[PDB]
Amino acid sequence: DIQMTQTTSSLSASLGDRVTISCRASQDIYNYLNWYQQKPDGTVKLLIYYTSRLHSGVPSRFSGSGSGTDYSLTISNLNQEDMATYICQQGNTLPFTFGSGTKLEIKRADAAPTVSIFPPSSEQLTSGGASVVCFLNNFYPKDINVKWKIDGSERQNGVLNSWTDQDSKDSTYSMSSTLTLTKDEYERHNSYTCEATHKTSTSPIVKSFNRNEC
């Protein structure tokens, strides 16, 4: 079946710009090309059908065009609410096949993370394990690298790290980093550091608590 290919999966534009996102079909599609918007949650709206037609509700800042195998969606003047991943699907031969998608990140001024670091709860600890948690909040760009040092040595085994998707209201990201250990490995050390390295600084920005402290 026809493979839809979206070269570019990530794109960043500042809002004021004109975005173009490509879709190539593997077979001639005779203009039965639809473009969708997928928001970080569920939702999926059809923006253009039949290479060019705007579905009601869609802003005139979106244009579709192209022929044979190659098609484009253009966002003439990028608006903050346009962050989404944009999809094309061919409706010319069954089965219907969708492109991989292109996520559109809003380019923003760099923001430095505000770190927060938490000790284990009495509840987890009395229940056998300890997780030291480090929230590194509201930054830009996405790329950042946290390392956990216990008592001065980086720890490898036991780190979970997840980011939020771009903020809808202000375009930053937040990340959570959790180090898990036994109540016992934990009772044996004192300093727990969370060291984040980010575009906005020259030196790692560090938060720590000593457990001896408290």
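Numbering starts at 1 and runs along the sequence shown.
Comparing the deposited coordinates for 154-162 and 168-176, the stretch with the larger average C-alpha B-factor is 154-162. The mean Cα B-factor in the deposited entry runs higher for 11-19 than for the other of 11-19 and 189-197.
Within the group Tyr50, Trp148, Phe62, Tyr36, the record's highest C-alpha temperature factor is found at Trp148. Among all modelled residues in its chain, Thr85 ranks in the lowest third by Cα B-factor. When all modelled residues of the chain are sorted by CA temperature factor, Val44 is found within the middle third. Sort the modelled residues of the chain by CA B factor and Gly128 lands in the highest third. When the modelled residues of the chain are ordered by their C-alpha B factor, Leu78 lands in the highest third. For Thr182, the recorded CA B-factor ranks within the highest third of the chain. Only modelled residues enter the ranking.
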